[PDB]
């Protein structure tokens, strides 16, 4: 018998559709007393091989041991489900991107921003102690979620599975220059994540979307080949400037580890 049956698709209560795009559909719903989000994945040329792969890749995402990591609660295997499907807890404030850039009711203050940074650094430091994932993870403001108490959590449901095209990159502004150009197996993937964190710091400082005026193709090509970088913001403290520059080192090997910047961010907290 299989080691995991996964979540029974028939037990999902689909309530309201949240979004649809190239990657699939998001729904708010309920499952076994939980308020959830369901992602129904769109996949071309689904096969038994890809289905087997999905079912081997999902168990690693069920991480319940760290407050700044949002687990996949489970996944629906397809077959028997109509489509490969992921479930996680509903995060009431949505993504960090939503909170920073689409927030119509309040502007988070900089003390909260520094707490978001600490939260994300702690979650990434924990993830970096684990064995590498087969699915490709990418840290950016859409893949961090904000829970009911404003805790920032790395969303494990936002990984890219082996059957999702590695040839299409949709958030290149957060990706390290080497990762725009080299296969993952030819990069230090953990150091690439530090670059992404540096761009998150920039986003928390400016409250702007990085390279907002450019298309994704323009961003990737200009960062990879023309040296395009975020402009260091004017009028910020030398300490924040220094942290952002070390995290965004051109040399991946000179970037700090997340567990090195956690105590730095702890000292920057208000409380």
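Residue numbers count along the first chain shown, from 1. In this text, the rigid core denotes the largest set of C-alpha atoms whose superposition between the two forms falls within 1.5 Å.
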{"item": "Greatest C-alpha divergence in 5 other deposited structures of this protein once each structure is fitted on the rigid core, 67-75 or 133-141", "value": "133-141"}
{"item": "250-258 versus 5-13 - greater average Cα B-factor per the deposited record", "value": "5-13"}
{"item": "Per the entry, higher mean C-alpha B factor between 51-59 and 219-227", "value": "219-227"}
{"item": "Of the residues 85, 187, 129, 110, the one carrying the largest Cα B-factor as recorded", "value": "187"}
{"item": "Peak C-alpha temperature factor (PDB record), options 168, 122, 137, 101", "value": "137"}
{"item": "Chain third (lowest, middle, highest) by recorded CA B-factor, residue given as residue 67", "value": "lowest"}
{"item": "Entry-reported Cα temperature factor of residue 35, expressed as the chain third it lands in", "value": "middle"}
{"item": "Assigned third (lowest, middle, highest) for the C-alpha B factor of residue 204", "value": "lowest"}
{"item": "Residue 152 - which third its CA temperature factor falls in, relative to the rest of the chain", "value": "lowest"}
{"item": "Residue 95 - Cα temperature factor, lowest/middle/highest third of chain", "value": "lowest"}
